[PDB]
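S.K.: Experimental structure and its sequence below.
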Amino acid sequence: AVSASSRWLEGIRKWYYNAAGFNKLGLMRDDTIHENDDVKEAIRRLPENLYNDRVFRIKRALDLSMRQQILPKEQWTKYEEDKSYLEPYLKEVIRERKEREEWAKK
Amino acid sequence: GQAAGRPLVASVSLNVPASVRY
Amino acid sequence: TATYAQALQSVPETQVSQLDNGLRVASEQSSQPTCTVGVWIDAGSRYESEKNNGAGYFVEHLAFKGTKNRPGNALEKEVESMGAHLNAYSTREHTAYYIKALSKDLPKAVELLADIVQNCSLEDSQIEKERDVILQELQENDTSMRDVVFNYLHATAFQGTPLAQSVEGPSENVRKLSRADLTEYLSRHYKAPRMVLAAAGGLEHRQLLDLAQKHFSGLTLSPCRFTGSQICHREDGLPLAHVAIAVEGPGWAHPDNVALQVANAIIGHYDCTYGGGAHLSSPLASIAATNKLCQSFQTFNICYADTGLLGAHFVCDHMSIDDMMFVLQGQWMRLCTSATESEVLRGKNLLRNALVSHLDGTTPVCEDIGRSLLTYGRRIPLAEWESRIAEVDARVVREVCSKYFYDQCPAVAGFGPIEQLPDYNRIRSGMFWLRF
Amino acid sequence: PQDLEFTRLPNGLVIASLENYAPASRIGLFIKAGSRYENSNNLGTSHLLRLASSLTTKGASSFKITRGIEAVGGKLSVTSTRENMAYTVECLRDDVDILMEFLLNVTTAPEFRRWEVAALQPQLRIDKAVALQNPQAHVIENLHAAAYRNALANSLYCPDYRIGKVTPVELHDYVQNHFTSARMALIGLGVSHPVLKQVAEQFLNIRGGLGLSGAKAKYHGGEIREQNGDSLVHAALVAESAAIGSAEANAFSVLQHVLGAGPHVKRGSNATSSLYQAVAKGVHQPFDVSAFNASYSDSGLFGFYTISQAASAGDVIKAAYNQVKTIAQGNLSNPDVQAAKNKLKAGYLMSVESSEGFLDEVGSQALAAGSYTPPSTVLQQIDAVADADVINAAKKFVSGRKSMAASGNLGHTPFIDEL
Amino acid sequence: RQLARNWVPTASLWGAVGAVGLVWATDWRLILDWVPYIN
């Protein structure tokens, strides 16, 4: 039972989202993810348009960290805009194996 | 000149290898 | 209706009749305008001597070259007059002469056929002609590698038995062959009861036997040794190298023969060309498609009178050979212990299907009887086979395979470019697990 | 048990049923879409599509599907030709429903997942290759080009630059383009009509759109000669035959059994065929000739496919061809035809008696007709052929534009100008 | 599932093995003489 507090939830979200530097390096949430098996084949199913763009920002990112410069704040990522592009692919790989995992139980 | 059972050739793929025909 | 339980019930039953001189008669009525008319003879190479080797094979071609009452090529010119296809073939343990025809002109058929069975024109005109073709073919026979390795396969297990020998027999005999020795074997084993007759179609039983119609029919074996051994023909030029591996098993008549029908069906088979991909249930068809460890393979069963043959035949890259194997020992071995009733079922269903499947069509129906007669006799225990299926159990298969697999002496056949294939002493230690 | 029950729908899709007593319970599904329906940029699609079989439906994950059929013990099949693709499936009498339901989901519920589509690119060749073991295989495919321009000239296989060419979408359209409940035809065998009759209208009513008949194939002859490394040159000569479903189609179907020899006896060189005999007499050491007759909807082709050695081919052709003249000149034997009729009638019935084959023969009528004709009527109609028909039938093959296809060592290989 | 097949009796022996093994080793508990063990 949360309505106004729901609205109150997002601040710390936005706050916590702003408490992690990768926002300030121009990253997103998805590329942050630690690898996994589902992660792997998920990568396969991406179109390049994202994929390449996924690449460059990363490559862009790393370089900056070499030189200890943080992106000029104007250009920091924005809590309003987060791209979930990973997960709609992710649920597939998660799903299907759960079957095999289960359908092979019995 | 092989139609020989039937009209022209065939192709089938399911499992078990395949089949040709005349 | 069609309901699997009831589906077993209504079938035209096995029929049997027996003439005096040892001929057998039998039939089934398919309510069909056509009839497969056929004959099966148990005279084998295992009967044939060391000169007789391949002779009956040579004989096999000869019948249709003309006969006593019907000289050269007067035989078929009547046959195709009806438009009825005609064919004959032989085997180490059997020979089958048969006809596919409309039920109408059958009165000629068997009478035509009966003439052929014994009355024969033995004419060295045809002999030399046929003597050449076989010789011509003998050399050509190196073109299909499949048949090739099996020849090696038998000879390596059955060495010292007539069963181990070439069907066509060695070459020089065919040149040396003379039609008197044929006349021997013609006279020898073409007597009844050795002879057996059956048919299926619109034919009723008695309307068979009445027109089985007075013509005539007629007036040695050993258990074979089993050889832990190896054979290799190393030729590295060729792109691919077949493999065959097997162990011996029970004869035709034996309880366990059916119990092992499923283990093969379960372990299944793989080929390059399936659409099954890597999600198939068969661990082999899963891996062998996954990493393409082989091109393809299939498992065989052949049960002789006293003997049986269980093993597979695969084809894989000259660098991929080992890994096919280390897999293949996995499946057999894991069955003998850790197998499970689930996968039993998927095997169980298939064999029911395959059983019911092959049973359609005039000739195959006709064809069962002949061997079955020469094998189990009349028995076509159709619905029983189902009951037989219900017999098999998890322990059964394990307990069965425990016998015929765990810690045994396998036979190894090979054809180049083999070289990768490990030495025997690995395979042997590789039969029995160490618990891994 | 009960005989052929075939039922028009409002969708016009014939649901034909029989009742068997057998525990074998099978179903089949026919479709009009052949290679002729592929376009210049649509090439090989059906051939590719024919490998769309096992893939991920929109109703279920393809995994579940595949593990489904085996553990049940059922079996799936898919078949196509230059014209009618057919989706076949079979299992035990009892369980068809589960299986039958999946027959829909495949044809009903397509999904082309860009990743799932990629893995099938490698597959075509290995398939495409094994079909070309048989030299005659490769020979035939070329032939439809020589005799046509557009439609039947379309291969059953993928020209290799077309390989990387095919997207999910291109498929995805041809799916729904050529699918309709007017064209779709469903055949039961061992199952009662009402069960069949039920679900048929349920899922399978979609559109519309249908059927793209603009391909008349426009018979246009020519000849093609590929220079190859075989010792046994292969070639054929064809003047166009008529459409399927005609006394002429029967007349040639009779005219073949005149010369056309399938062996009725093992190893027997067929003497009742004058062709081989009239050849083999003036001719020398091994060879073969058989007569080729095939027809499609709008038309078909008649010819004879020769296999000979290096020098012989022309005379092999010529004599046989000259031997064809003999027939065309007023040569006739009524008993031979009569025997040939006996051959055909038997050969027909022997062909038809097979259920699975007849299973096709069912719907082979359906998409053609939509009715059923007892073979008796055929056997009757088989009789109906006049001889002067088959006489002038061959005359046509002599009397009209002829076409050649040749491959091998061609050094001695004549053209049709030599003919 | 879990069906533990002949592994169950298999394993049954195994523990017994090296248990005897440590017993065979030296251990602590004597082992009531049972065929001569020196006094």
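M.R.: Perfect, thanks for sending it. Numbers count the residues shown, from 1 in each chain, chains lettered A, B, ... in the order given.

S.K.: ok, now which ones touch the residue of the stretch 301-436 of chain C found nearest chain A?
M.R.: Closest residue of the stretch 301-436 of chain C to chain A, CB to the nearest CB: residue C:342 (6.7 Å). Backbone N, C-alpha and C define where each C-beta goes, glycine included. Taking CB atoms under 8 Å, 6 or more residues apart in numbering or on different chains, we find residue C:342 in contact with residue A:106.

S.K.: Can you get me a residue count around residue D:65?
M.R.: 19 (other CB atoms under 10 Å in any protein chain shown).

S.K.: Could you pull up phi and psi at residue C:58?
M.R.: Here is the backbone geometry of residue C:58 (degrees, to the nearest 10): phi -50, psi -40.

S.K.: for the helix or strand where the residue of the stretch 301-436 of chain C closest to chain A lies, the distance to its chain's centre please.
M.R.: According to DSSP states H and E, residue C:342 maps onto helix C:341-358. Remark: helix C:341-358 is offset 21 Å from the chain centroid, using CA atoms, centre = their mean, to the nearest Å.

S.K.: Just the CA atoms of that helix, as CSV, please.
M.R.: Backbone C-alpha positions of helix C:341-358 (Å, rounded to 0.1, in the frame of the first residue of the first chain) are rendered in CSV as follows:
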residue,chain,number,x,y,z
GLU,C,341,12.4,-45.2,-16.5
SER,C,342,11.5,-41.8,-18.1
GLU,C,343,13.7,-42.3,-21.1
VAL,C,344,12.5,-45.9,-21.2
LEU,C,345,9.1,-44.6,-22.2
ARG,C,346,10.3,-42.5,-25.1
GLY,C,347,12.2,-45.5,-26.3
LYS,C,348,9.2,-47.7,-25.7
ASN,C,349,6.8,-45.6,-27.8
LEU,C,350,9.1,-45.4,-30.8
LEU,C,351,9.6,-49.1,-31.1
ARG,C,352,5.8,-49.6,-30.9
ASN,C,353,5.6,-47.0,-33.8
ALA,C,354,8.4,-48.6,-35.8
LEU,C,355,6.8,-52.0,-35.3
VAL,C,356,3.4,-50.9,-36.4
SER,C,357,4.9,-48.8,-39.1
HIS,C,358,6.7,-51.5,-41.1
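
S.K.: Of all the residues in the helix or strand that that helix is followed by, which ones are buried?
M.R.: Downstream of helix C:341-358, the first helix or strand assigned by DSSP H and E is helix C:362-376. If you call a residue buried by 16 or more other CB atoms under 10 Å in any protein chain shown, then helix C:362-376 has these buried ones: C:362-363, C:365-375.

S.K.: Helix or strand next in line after helix C:362-376, which one?
M.R.: Next along from helix C:362-376, by DSSP H and E: helix C:382-391.

S.K.: so what does that following helix touch, helix or strand wise?
M.R.: Helix C:382-391 sits against helix C:4-9, helix C:256-267, helix C:341-358, with contacts defined as 3 or more CB pairs under 8 Å, 6 or more residues apart in numbering or on different chains; DSSP states H and E.

S.K.: Tell me the first helix or strand C-terminal of it.
M.R.: Downstream of helix C:382-391 (by DSSP H and E), the next one is helix C:394-404.

S.K.: How about that following helix and chain A, touching?
M.R.: No - on the criterion CB under 8 Å from any CB of the partner chain, helix C:394-404 is out of touch with chain A, staying 14.9 Å away.

S.K.: now the angle from that helix to helix C:341-358?
M.R.: 80 degrees (axes from the mean of the first three to the mean of the last three CA atoms, to 10 degrees).

S.K.: correct me, but residue D:320 touches residue D:287?
M.R.: No - counting by CB atoms under 8 Å, residue D:320 does not reach residue D:287; the two are 9.8 Å apart.

S.K.: Between those two, which contacts overlap?
M.R.: Contacts common to residue D:320 and residue D:287, judged by CB under 8 Å, 6+ apart, are D:279, D:306.

S.K.: Those two: who's more crowded?
M.R.: For residue D:320 versus residue D:287, neighbours defined as other CB under 10 Å are more numerous around residue D:320 (24 against 18).

S.K.: Residue D:286 versus that one, what's the distance?
M.R.: As for residue D:320, its distance to residue D:286 is 15 Å (criterion: CB to CB, to the nearest Å).

S.K.: Next: residue C:220.
M.R.: Counting by CB to CB - residue C:220 and residue D:286 are separated by 40 Å.

S.K.: Kindly report the same for residue C:274.
M.R.: For residue C:274 relative to residue D:286 (CB to CB), the value is 37 Å.

S.K.: ranges for the strands of chain B?
M.R.: Secondary structure of chain B, counting by DSSP state E: strands at B:11-12.

S.K.: Get me the contact residues on chain E for chain C.
M.R.: E:1, E:3, E:5-7, E:10.

S.K.: Now residue 37. Nearest residue, chain neighbours left out?
M.R.: Just going to use chain A. residue A:93 (7.9 Å; CB to CB, 6 or more residues apart in numbering or on different chains).

S.K.: think we crossed wires, I meant chain E
M.R.: residue E:31 (6.9 Å).

S.K.: interface residues of chain B facing chain D?
M.R.: B:1-15, B:17-18, B:20, B:22.

S.K.: what residue is smack in the middle of chain D?
M.R.: residue D:81 (5.0 Å; CA atoms, centre = their mean).

S.K.: Which residue, other than its chain neighbours, is closest to it?
M.R.: Nearest non-adjacent residue to residue D:81 (CB to CB, 6+ apart): residue D:34, at 6.1 Å.

S.K.: Same check on residue B:13?
M.R.: residue C:275 (5.5 Å).

S.K.: and that neighbour, what is it in contact with?
M.R.: B:13-15, D:51, D:53-54.

S.K.: Name the SS class of residue E:12, please.
M.R.: helix (DSSP: H, G, I helix; E, B strand; the rest coil).

S.K.: rewinding a little: can you give me the distance of the residue nearest to the centre of chain D to residue D:37?
M.R.: For residue D:81 relative to residue D:37 (CB to CB), the value is 12 Å.

S.K.: Can you list the helices and strands that the helix or strand containing residue D:252 packs against?
M.R.: In this structure, residue D:252 is located in helix D:247-259 according to DSSP H and E. Under the contact criterion of 3+ CB pairs under 8 Å, 6+ apart, helix D:247-259 touches strand D:234-241, helix D:274-282, strand D:288-295, strand D:300-307, helix D:313-328, helix D:334-353, helix D:375-384, helix D:387-399.

S.K.: Run the angle between that helix and strand D:234-241 for me.
M.R.: Using the same axes, to 10 degrees: helix D:247-259 against strand D:234-241 is 150 degrees.

S.K.: Next, work out how far apart the residue in chain A that chain C sits nearest to and residue D:97 are.
M.R.: Using CB to the nearest CB, the closest approach of chain A to chain C is made by residue A:106 at 6.7 Å. Applying CB to CB, the value for residue A:106 to residue D:97 is 22 Å.

S.K.: Compare neighbour counts for these two and give me the winner.
M.R.: Ranked by neighbour count (other CB under 10 Å), residue A:106 and residue D:97 place residue D:97 first, with 12 against 8.
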